[PDB]
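>>> I would like the atomic coordinates for the input below:
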Amino acid sequence: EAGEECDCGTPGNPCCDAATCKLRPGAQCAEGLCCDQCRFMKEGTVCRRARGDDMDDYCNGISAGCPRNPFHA
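Numbers count the residues shown, from 1 in each chain. Now the structure:
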């Protein structure tokens, strides 16, 4: 979202930096599993590593939220 949850929304977020609710360069995201150091995790990077039971969800690279795997998320 990064709307009301612009700086964090809930403290249980990766970067949770207020610079994301500001026009400060360097911070692109504060929320989502695909957000690392307030930066979008590069496409191809998993936001969820599989382990037999789980399946690998891959980040879109330009999205902080973990995109649903089209091959059964």
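>>> tell me which element the residue of the chain positioned farthest from its centre falls in.
Distance from the C-alpha centroid of the chain peaks at residue 52, with 23.0 Å (C-alpha atoms, centre = their mean). Taking DSSP states H and E as the criterion, residue 52 maps to no regular element, lying outside all helices and strands.
>>> please save the CA atoms from stretch 34-42 in CSV.
Once non-C-alpha atoms are left out, stretch 34-42 reads as follows in CSV (Å, rounded to 0.1, in the frame of the first residue of the first chain):
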residue,chain,number,x,y,z
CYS,A,34,9.8,-7.8,-1.1
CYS,A,35,11.3,-4.8,0.6
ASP,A,36,14.9,-4.8,1.7
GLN,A,37,16.6,-1.8,3.3
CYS,A,38,13.6,0.3,2.0
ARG,A,39,14.4,-0.9,-1.5
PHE,A,40,12.4,-3.3,-3.7
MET,A,41,13.9,-6.8,-3.8
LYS,A,42,15.1,-7.5,-7.3
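>>> buried sites along that stretch?
Of the residues in stretch 34-42, those scored as buried under the neighbour-count criterion (16 or more other C-beta atoms under 10 Å) are 34-36, 38, 40-41. For every residue, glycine as well, the C-beta is placed using N, CA and C.
>>> how about residue 41, what does it touch?
Residue 41 makes contact with 33-35, 47, 59, 61 under the criterion C-beta atoms under 8 Å, 6 or more residues apart in numbering.
>>> now residue 3
Contacts for residue 3 (C-beta under 8 Å, 6+ apart) come out as none.
>>> still on that earlier bit, which one of the buried residues of stretch 34-42 sits closest to residue 67?
Residue 67 lies nearest to residue 34 out of those, by C-beta to C-beta, at 7.5 Å.
>>> how about the closest one, nearest residue that isn't a chain neighbour?
Leaving aside its chain neighbours, residue 34 sits nearest to residue 59 (3.8 Å; criterion: C-beta to C-beta, 6 or more residues apart in numbering).
>>> tell me how far that neighbour lies from residue 13.
15 Å (C-beta to C-beta, to the nearest Å).
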